[PDB]
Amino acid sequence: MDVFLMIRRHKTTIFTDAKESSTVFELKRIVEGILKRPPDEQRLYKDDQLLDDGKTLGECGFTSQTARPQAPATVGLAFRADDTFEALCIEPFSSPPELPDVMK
């Protein structure tokens, strides 16, 4: 029941897998190991939807079919740092150039 994710914040992106049976809290611990900030200092989002820690990834809508190796599902991430949490801000990737005429 493996699920493939892109955890994104600002211009940072983490590629990682996880179980459907694994929880949002267990995902925060994985983020902690990488980005060195504890679970209480991070929020996880699903298109601007605050995910509950106790809920499973499957319950949040991160199914295997929806979150594939070739097309991972996005998880928003926002940190506290100052006092309150910062607003979610996923910086989009660069735009491709115009398709060459020969490829049209």
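C-alpha atoms forming the largest set that superposes within 1.5 Å between two forms make up the rigid core. Counting begins at 1, following the sequence as shown.
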Q.
Which of the two stretches, 11 to 19 versus 82 to 90, has its Cα atoms farther on average from this form in 6 other deposited structures of this protein when everything is superposed by the rigid core?
A. 82 to 90
Q: Find the stretch among 73 to 81 and 48 to 56 with the larger RMS C-alpha deviation in 6 other deposited structures of this protein, all structures being superposed on the shown form by the rigid core.
A: 73 to 81
Q: Output the stretch having the higher mean C-alpha B factor in the entry; the candidates are 40 to 48 and 67 to 75.
A: 40 to 48
**Q.** Of 77 to 85 and 92 to 100, the one with larger mean CA B-factor
**A.** 77 to 85
Q | Among modelled residues of the same chain, the CA temperature factor third for residue 35 | A | middle
Q. Compared with the other modelled residues in the chain, in which third is the CA B-factor of residue 3?
A. middle
